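As structure tokens, the structure follows; a few thoughts come after it.
2 protein chains.
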Amino acid sequence: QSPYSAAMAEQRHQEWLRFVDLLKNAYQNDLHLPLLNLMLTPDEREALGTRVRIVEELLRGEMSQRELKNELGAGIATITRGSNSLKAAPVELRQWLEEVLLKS
Amino acid sequence: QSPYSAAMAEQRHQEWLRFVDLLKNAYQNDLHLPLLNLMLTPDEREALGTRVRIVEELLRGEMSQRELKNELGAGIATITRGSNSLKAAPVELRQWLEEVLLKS
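Top to bottom, those sequences are chains A and B. If you read the first sequence in UniProt numbering, its first letter stands for residue 4, the second for the next number, and so on. If you read the second sequence in UniProt numbering, its first letter stands for residue 4, the second for the next number, and so on.
Shown next, in the form of structure tokens:
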């Protein structure tokens with residue numbers, strides 16, 4: 004009956020969902036300040052900024068003149084690669100990213 | 004001598020708040036799954052299950068039966084650690100947490 008989307012594959016992942024969801028609950032009511040600040044940790048601190056970067060870059064980065072991700076030698080390091088991403092991770096990002104940066 | 008270099012409002016905290024703000028938007032529905040994958044970094048992949056481990060073991064006052072500890076061989080330290088914040092005032096967490104672990 005209609006496509007109804009085919010079946011997907013899944014494995015060990017009991018907390019990564021039910022709990023990670025609670026993370027969004029604290030957020031909403033901007034009540035994440037405490038929780039968030041809870042497990043900050045230095046290592047992570049130098050990550051948030053390096054995080055918002057990739058996003059605002061992948062989209063608003065292909066227009067930079069100082070060349071921060073086009074020709075730096077070490078810029079395209081792990082900002083995009085990360086650990087494991089072939090041709091099914093980004094095709095899933097463009098989905099939302101379009102609504103927040105483009106809004107249309 | 005800064006012939007035209009001037010700041011707009013100085014400070015920078017704005018970003019850290021304007022960015023995470025976007026994180027919420029994605030969640031809202033289920034649009035965080037994609038960007039959520041950009042968060043599968045190794046370092047974070049191990050800090051995830053942990054992020055939920057503390058909070059849970061903290062308010063364990065809910066008659067925790069099989070949630071006291073899941074890694075005795077090694078990992079019970081990141082929990083019974085203590086106050087890692089110089090301010091030593093997690094009372095800011097009991098605010099939301101008390102509403103997420105118990106919920107009226």
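For each residue, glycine too, the CB sits at the ideal point set by N, CA and C.
Query raised in the report: Can you find a CB in chain B that lies within less than 8 Å of the CB of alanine 77 of chain A?
Result: no
Using a Cβ cut-off of 8 Å (strictly closer), state whether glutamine 68 of chain B contacts chain A.
-> no
Let's see if you can read the secondary structure: which residues bound the alpha helix (DSSP H) around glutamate 47 of chain A?
45 to 61
Item checked: Nearest to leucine 26 of chain B (by Cα), restricted to the options A:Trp99, A:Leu105 and A:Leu41 -> A:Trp99
Report yes if the C-beta distance between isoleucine 82 of chain A and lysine 72 of chain A is below 8 Å; otherwise report no. A contact, by the Cβ cut-off of 8 Å.
ask   = Which chain B residues sit within Cβ distance under 7 Å of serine 8 of chain A?
value = Within 7 Å Cβ-Cβ: nothing; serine 8 of chain A doesn't reach chain B, min ~14 Å.
*Can you tell me which of A:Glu95, A:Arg56, A:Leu34 and A:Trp19 puts its alpha carbon nearest to the alpha carbon of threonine 53 of chain B?*
Closest in C-alpha terms to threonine 53 of chain B, from the list A:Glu95, A:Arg56, A:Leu34 and A:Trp19, comes A:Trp19.
Checklist entry - In chain order, what residues of the stretch 77 to 96 of chain A put their CB closer than 8 Å to some CB of chain B? => result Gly85, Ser86, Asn87, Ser88, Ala92, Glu95 and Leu96
* Selection from B:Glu95, B:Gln17 and B:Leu75 that minimises the alpha carbon distance to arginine 56 of chain B -> B:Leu75
Practice problem: Assign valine 94 of chain B to buried or exposed, taking buried as 16 or more other Cβ atoms, counted over all protein chains shown, within 10 Å of its Cβ. | Solution: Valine 94 of chain B is exposed by the Cβ-count criterion.
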